[PDB]
file data10.tsv (TSV, C-alpha atoms (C1' of nucleotides))
chain	number	residue	atom	x	y	z
A	161	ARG	CA	40.91	-36.79	-4.51
A	162	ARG	CA	44.46	-36.02	-5.64
A	163	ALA	CA	43.55	-36.69	-9.28
A	164	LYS	CA	40.70	-34.18	-9.25
A	165	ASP	CA	42.91	-31.73	-7.38
A	166	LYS	CA	45.61	-31.97	-10.05
A	167	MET	CA	43.11	-31.70	-12.90
A	168	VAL	CA	41.81	-28.38	-11.54
A	169	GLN	CA	45.23	-27.16	-10.40
A	170	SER	CA	47.05	-27.60	-13.71
A	171	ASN	CA	44.24	-25.82	-15.62
A	172	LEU	CA	43.97	-22.68	-13.51
A	173	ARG	CA	46.15	-21.09	-16.23
A	174	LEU	CA	43.31	-21.73	-18.67
A	175	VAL	CA	40.92	-20.18	-16.18
A	176	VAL	CA	43.02	-17.01	-16.06
A	177	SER	CA	43.33	-16.96	-19.85
A	178	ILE	CA	39.57	-17.01	-20.27
A	179	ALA	CA	38.82	-14.69	-17.35
A	180	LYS	CA	41.07	-11.93	-18.66
A	181	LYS	CA	38.54	-11.25	-21.44
A	182	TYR	CA	35.94	-9.65	-19.13
A	183	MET	CA	38.04	-7.44	-16.85
A	184	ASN	CA	35.72	-4.43	-17.39
A	185	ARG	CA	32.18	-5.67	-16.78
A	186	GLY	CA	31.49	-5.25	-13.06
A	187	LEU	CA	33.72	-7.87	-11.47
A	188	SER	CA	37.36	-7.39	-10.60
A	189	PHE	CA	39.94	-9.60	-12.27
A	190	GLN	CA	40.45	-11.63	-9.11
A	191	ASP	CA	36.70	-12.18	-8.85
A	192	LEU	CA	36.55	-13.40	-12.43
A	193	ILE	CA	39.35	-15.86	-11.69
A	194	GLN	CA	37.71	-17.26	-8.56
A	195	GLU	CA	34.32	-17.56	-10.23
A	196	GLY	CA	35.80	-19.32	-13.25
A	197	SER	CA	37.57	-21.72	-10.90
A	198	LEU	CA	34.14	-23.06	-9.90
A	199	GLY	CA	33.37	-23.67	-13.56
A	200	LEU	CA	36.68	-25.45	-14.02
A	201	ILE	CA	35.88	-27.65	-11.01
A	202	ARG	CA	32.50	-28.56	-12.48
A	203	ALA	CA	34.08	-29.23	-15.88
A	204	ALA	CA	36.64	-31.53	-14.28
A	205	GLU	CA	33.72	-33.25	-12.57
A	206	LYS	CA	31.86	-33.80	-15.87
A	207	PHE	CA	34.69	-34.51	-18.32
A	208	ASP	CA	34.40	-37.74	-20.31
A	209	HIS	CA	37.65	-39.23	-21.56
A	210	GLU	CA	35.68	-41.72	-23.67
A	211	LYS	CA	34.38	-38.81	-25.73
A	212	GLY	CA	37.86	-38.52	-27.19
A	213	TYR	CA	38.29	-34.79	-26.83
A	214	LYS	CA	40.80	-32.45	-25.24
A	215	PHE	CA	39.91	-31.21	-21.76
A	216	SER	CA	40.71	-27.65	-22.86
A	217	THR	CA	37.66	-27.78	-25.15
A	218	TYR	CA	35.12	-29.00	-22.62
A	219	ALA	CA	36.44	-26.90	-19.73
A	220	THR	CA	36.15	-23.65	-21.69
A	221	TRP	CA	32.36	-23.89	-21.81
A	222	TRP	CA	32.04	-24.36	-18.06
A	223	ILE	CA	34.56	-21.63	-17.24
A	224	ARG	CA	32.82	-19.18	-19.56
A	225	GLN	CA	29.39	-20.08	-18.18
A	226	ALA	CA	30.50	-19.67	-14.57
A	227	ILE	CA	32.05	-16.28	-15.27
A	228	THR	CA	29.02	-15.06	-17.24
A	229	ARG	CA	26.63	-16.17	-14.50
A	230	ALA	CA	28.82	-14.55	-11.87
A	231	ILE	CA	28.75	-11.27	-13.78
A	232	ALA	CA	24.97	-11.53	-14.12
A	233	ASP	CA	24.57	-12.15	-10.39
A	234	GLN	CA	27.32	-10.08	-8.76
A	235	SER	CA	28.15	-7.04	-10.92
A	236	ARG	CA	25.38	-4.65	-9.85
A	237	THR	CA	24.20	-3.36	-6.50
A	238	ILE	CA	20.57	-3.70	-7.63
A	239	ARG	CA	20.98	-7.13	-9.14
A	240	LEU	CA	19.01	-7.88	-12.31
B	1	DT	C1'	-56.23	57.67	74.18
B	2	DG	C1'	-54.34	59.39	70.22
B	3	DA	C1'	-51.16	58.77	66.96
B	4	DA	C1'	-47.25	57.36	64.36
B	5	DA	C1'	-45.43	53.39	61.51
B	6	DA	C1'	-45.36	49.14	59.70
B	7	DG	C1'	-47.75	45.51	57.36
B	8	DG	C1'	-51.48	43.77	54.67
B	9	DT	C1'	-55.08	42.91	50.60
B	10	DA	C1'	-57.38	43.65	46.37
B	11	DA	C1'	-56.61	45.66	41.92
B	12	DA	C1'	-54.86	47.53	36.86
B	13	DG	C1'	-51.63	47.09	34.26
B	14	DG	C1'	-47.64	45.75	32.30
B	15	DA	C1'	-43.95	42.28	31.14
B	16	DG	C1'	-42.86	37.93	29.75
B	17	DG	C1'	-43.25	33.39	28.36
B	18	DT	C1'	-45.86	30.18	26.01
B	19	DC	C1'	-48.77	28.70	22.68
B	20	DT	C1'	-51.52	28.77	17.71
B	21	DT	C1'	-51.54	29.17	12.19
B	22	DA	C1'	-50.17	30.54	6.38
B	23	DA	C1'	-45.77	30.32	3.59
B	24	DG	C1'	-42.12	28.14	2.32
B	25	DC	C1'	-38.49	25.09	2.19
B	26	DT	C1'	-35.37	20.88	1.98
B	27	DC	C1'	-34.69	16.26	3.12
B	28	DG	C1'	-34.96	11.45	3.13
B	29	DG	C1'	-36.83	7.52	1.15
B	30	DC	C1'	-37.92	4.93	-2.68
B	31	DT	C1'	-36.91	3.21	-7.13
B	32	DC	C1'	-33.77	2.00	-10.47
B	33	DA	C1'	-30.08	2.47	-13.86
B	34	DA	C1'	-25.57	2.49	-13.47
B	35	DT	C1'	-22.23	1.14	-12.57
B	36	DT	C1'	-16.81	-0.26	-8.98
B	37	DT	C1'	-15.02	-4.55	-5.76
B	38	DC	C1'	-14.51	-9.43	-5.25
B	39	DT	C1'	-13.57	-13.99	-6.10
B	40	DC	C1'	-13.01	-17.79	-8.74
B	41	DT	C1'	-10.62	-19.49	-12.95
B	42	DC	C1'	-7.06	-19.42	-16.46
B	43	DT	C1'	-3.19	-17.93	-18.13
B	44	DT	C1'	1.12	-15.96	-18.64
B	45	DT	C1'	4.94	-14.46	-17.63
B	46	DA	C1'	9.16	-13.83	-13.82
B	47	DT	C1'	12.73	-16.26	-11.85
B	48	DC	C1'	15.84	-20.00	-11.19
B	49	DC	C1'	18.35	-24.28	-12.52
B	50	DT	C1'	21.36	-27.28	-15.68
B	51	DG	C1'	24.04	-28.05	-19.58
B	52	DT	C1'	27.65	-26.64	-24.11
B	53	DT	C1'	32.60	-30.99	-26.75
B	54	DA	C1'	37.96	-28.54	-32.60
B	55	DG	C1'	41.64	-25.85	-29.48
B	56	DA	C1'	42.84	-22.58	-26.55
B	57	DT	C1'	46.48	-22.50	-20.62
B	58	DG	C1'	50.53	-16.03	-16.35
B	59	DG	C1'	47.70	-8.52	-16.60
B	60	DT	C1'	47.27	-3.12	-17.90
B	61	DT	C1'	47.70	0.66	-16.70
call {"tool": "encode", "arguments": {"input": "data10.tsv", "output": "C-alpha coordinates"}}
result
Amino acid sequence: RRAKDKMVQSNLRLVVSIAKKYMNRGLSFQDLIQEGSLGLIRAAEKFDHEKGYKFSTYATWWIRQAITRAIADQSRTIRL
DNA sequence: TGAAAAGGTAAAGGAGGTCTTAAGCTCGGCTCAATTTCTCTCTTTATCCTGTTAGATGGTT
(Lines of atoms letter the chains of each structure in order from A and count residues from 1; the text may use other names and numbers.)
(Lines give C-alpha, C1' and ligand atoms only; values in the text may rest on other atoms or scores of the structure.)
Protein backbone atom coordinates (compact mmCIF):
# COMPACT_ATOMS: atom_id res chain seq x y z
CA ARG A 1 0.00 0.00 0.00
CA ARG A 2 2.70 2.46 1.03
CA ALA A 3 4.74 1.68 -2.08
CA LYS A 4 1.86 2.49 -4.43
CA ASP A 5 1.08 5.57 -2.36
CA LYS A 6 4.65 6.85 -2.72
CA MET A 7 4.77 6.07 -6.44
CA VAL A 8 1.70 8.24 -7.07
CA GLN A 9 2.67 10.89 -4.52
CA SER A 10 6.16 11.61 -5.83
CA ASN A 11 4.86 11.93 -9.42
CA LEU A 12 2.04 14.40 -8.83
CA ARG A 13 4.56 17.02 -10.03
CA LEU A 14 4.57 15.25 -13.39
CA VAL A 15 0.79 15.28 -13.34
CA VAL A 16 0.77 19.06 -12.85
CA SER A 17 3.40 19.50 -15.56
CA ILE A 18 1.27 17.68 -18.10
CA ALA A 19 -2.05 19.13 -16.94
CA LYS A 20 -0.87 22.72 -17.34
CA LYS A 21 -0.99 22.28 -21.14
CA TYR A 22 -4.81 22.26 -21.36
CA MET A 23 -5.83 25.05 -18.98
CA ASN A 24 -8.20 26.59 -21.57
CA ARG A 25 -10.37 23.76 -22.87
CA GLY A 26 -13.40 23.54 -20.57
CA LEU A 27 -11.92 22.22 -17.33
CA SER A 28 -10.32 24.34 -14.65
CA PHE A 29 -6.68 23.78 -13.79
CA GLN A 30 -7.57 22.04 -10.54
CA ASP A 31 -9.94 19.73 -12.42
CA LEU A 32 -7.22 18.83 -14.90
CA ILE A 33 -4.89 17.99 -12.02
CA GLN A 34 -7.40 15.77 -10.23
CA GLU A 35 -8.38 13.97 -13.43
CA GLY A 36 -4.76 13.36 -14.37
CA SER A 37 -4.17 11.96 -10.89
CA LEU A 38 -6.48 9.07 -11.80
CA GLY A 39 -4.36 8.41 -14.87
CA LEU A 40 -1.20 8.49 -12.78
CA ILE A 41 -2.76 5.98 -10.38
CA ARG A 42 -3.62 3.65 -13.25
CA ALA A 43 -0.13 4.06 -14.72
CA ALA A 44 1.42 3.18 -11.36
CA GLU A 45 -0.87 0.15 -11.33
CA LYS A 46 0.29 -1.01 -14.79
CA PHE A 47 3.99 -0.09 -14.78
CA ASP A 48 6.40 -2.91 -15.60
CA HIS A 49 9.92 -2.56 -14.22
CA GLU A 50 11.03 -5.54 -16.32
CA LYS A 51 10.33 -3.49 -19.44
CA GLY A 52 13.40 -1.46 -18.57
CA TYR A 53 11.93 1.98 -19.04
CA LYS A 54 11.57 5.12 -16.98
CA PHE A 55 8.24 5.55 -15.19
CA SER A 56 8.01 9.11 -16.52
CA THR A 57 7.58 7.68 -20.03
CA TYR A 58 4.80 5.22 -19.28
CA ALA A 59 2.93 7.49 -16.87
CA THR A 60 2.69 10.32 -19.41
CA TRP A 61 0.42 8.28 -21.68
CA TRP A 62 -2.02 7.47 -18.89
CA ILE A 63 -2.04 11.01 -17.51
CA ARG A 64 -2.66 12.46 -20.97
CA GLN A 65 -5.40 9.93 -21.70
CA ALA A 66 -7.18 10.58 -18.42
CA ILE A 67 -7.11 14.33 -18.95
CA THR A 68 -8.28 14.06 -22.56
CA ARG A 69 -11.15 11.75 -21.60
CA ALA A 70 -12.10 14.05 -18.74
CA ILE A 71 -12.25 17.01 -21.11
CA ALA A 72 -14.35 14.98 -23.54
CA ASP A 73 -16.77 13.99 -20.78
CA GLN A 74 -16.89 17.02 -18.47
CA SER A 75 -16.21 20.21 -20.44
CA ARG A 76 -19.65 20.89 -21.91
CA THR A 77 -23.10 21.22 -20.41
CA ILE A 78 -24.58 19.24 -23.32
CA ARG A 79 -21.94 16.55 -23.30
CA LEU A 80 -20.86 15.16 -26.68
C1' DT B 1 -152.01 30.14 -23.17
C1' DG B 2 -148.93 32.82 -25.53
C1' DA B 3 -144.52 34.04 -25.95
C1' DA B 4 -139.74 34.88 -25.23
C1' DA B 5 -135.11 32.48 -25.25
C1' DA B 6 -132.16 28.93 -25.44
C1' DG B 7 -130.71 24.76 -27.65
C1' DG B 8 -130.67 21.63 -31.44
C1' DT B 9 -130.01 19.40 -36.43
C1' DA B 10 -129.05 19.22 -41.20
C1' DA B 11 -126.50 21.65 -44.66
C1' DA B 12 -122.85 24.47 -47.98
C1' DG B 13 -118.92 25.82 -47.92
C1' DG B 14 -114.52 26.71 -46.69
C1' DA B 15 -109.98 25.54 -44.45
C1' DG B 16 -106.61 22.38 -43.69
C1' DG B 17 -104.12 18.31 -43.75
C1' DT B 18 -102.97 14.41 -46.22
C1' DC B 19 -102.09 11.94 -50.07
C1' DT B 20 -100.67 11.00 -55.50
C1' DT B 21 -97.28 11.71 -59.81
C1' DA B 22 -93.19 13.96 -63.78
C1' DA B 23 -88.46 16.09 -63.23
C1' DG B 24 -84.40 16.03 -61.45
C1' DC B 25 -80.74 15.14 -58.58
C1' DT B 26 -76.88 12.99 -55.75
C1' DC B 27 -75.29 9.20 -53.24
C1' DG B 28 -73.51 4.88 -52.10
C1' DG B 29 -71.83 0.68 -53.65
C1' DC B 30 -69.01 -1.85 -56.51
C1' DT B 31 -64.78 -2.56 -58.82
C1' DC B 32 -60.10 -1.88 -59.18
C1' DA B 33 -55.71 0.55 -59.70
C1' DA B 34 -53.06 2.72 -56.74
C1' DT B 35 -50.95 3.10 -53.72
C1' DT B 36 -49.21 4.25 -47.41
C1' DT B 37 -48.39 1.17 -42.74
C1' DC B 38 -46.40 -2.88 -40.74
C1' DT B 39 -43.39 -6.35 -39.59
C1' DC B 40 -39.77 -9.22 -40.25
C1' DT B 41 -34.81 -9.26 -41.57
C1' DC B 42 -30.28 -7.25 -42.14
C1' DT B 43 -27.31 -3.96 -41.53
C1' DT B 44 -25.01 -0.12 -39.90
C1' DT B 45 -23.81 2.97 -37.27
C1' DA B 46 -23.81 5.31 -32.05
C1' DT B 47 -21.79 4.78 -27.79
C1' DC B 48 -18.68 2.97 -24.43
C1' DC B 49 -14.46 0.55 -22.81
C1' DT B 50 -9.26 -0.41 -22.62
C1' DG B 51 -4.70 0.48 -23.79
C1' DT B 52 -0.01 3.76 -25.47
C1' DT B 53 6.66 2.54 -23.38
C1' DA B 54 12.90 7.66 -25.30
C1' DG B 55 12.17 11.58 -21.48
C1' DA B 56 9.71 14.81 -19.42
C1' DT B 57 8.19 16.25 -12.79
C1' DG B 58 5.40 23.56 -8.89
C1' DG B 59 0.68 28.77 -12.78
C1' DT B 60 -0.96 33.36 -15.48
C1' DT B 61 -3.00 36.78 -15.34
call {"tool": "residues_around", "arguments": {"input": "data10.tsv", "residues": "residue A:190", "least_positions_apart": "3", "cutoff": "12 Å", "atoms": "all atoms listed in the file", "output": "list in words"}}
result
residues 175, 176, 179, 180, 182, 183, 184, 186, 187, 193, 194, 195, 196, 197 and 227 of chain A; 59 of chain B
call {"tool": "interface_residues", "arguments": {"input": "data10.tsv", "of": "chain B", "to": "chain A", "cutoff": "8 Å", "atoms": "only C-alpha atoms (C1' of nucleotides)", "output": "PyMOL selection string"}}
result
chain B and resi 52-59
call {"tool": "atom_distance", "arguments": {"input": "data10.tsv", "atom1": "atom CA of residue A:203", "atom2": "atom CA of residue A:230"}}
result
16.1 Å
call {"tool": "atom_distance", "arguments": {"input": "data10.tsv", "atom1": "atom CA of residue A:166", "atom2": "atom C1' of residue B:60"}}
result
29.9 Å
call {"tool": "residues_around", "arguments": {"input": "data10.tsv", "residues": "residue A:164", "least_positions_apart": "6", "cutoff": "10 Å", "atoms": "all atoms listed in the file", "output": "PyMOL selection string"}}
result
chain A and resi 201+204-205
call {"tool": "closest_residue", "arguments": {"input": "data10.tsv", "among": "B:30, B:20, B:51, B:10", "to": "residue A:202", "atoms": "all atoms listed in the file"}}
result
B:51
call {"tool": "atom_distance", "arguments": {"input": "data10.tsv", "atom1": "atom CA of residue A:191", "atom2": "atom CA of residue A:235"}}
result
10.2 Å
call {"tool": "closest_residue", "arguments": {"input": "data10.tsv", "among": "A:224, A:209, A:229, A:239", "to": "residue A:181", "atoms": "only C-alpha atoms"}}
result
A:224
call {"tool": "axis_aligned_box", "arguments": {"input": "data10.tsv", "around": "stretch 201-211 of chain A", "padding_each_side": "6 Å", "output": "JSON"}}
result
{"center_x": 34.8, "center_y": -34.7, "center_z": -18.4, "size_x": 17.8, "size_y": 26.1, "size_z": 26.7}
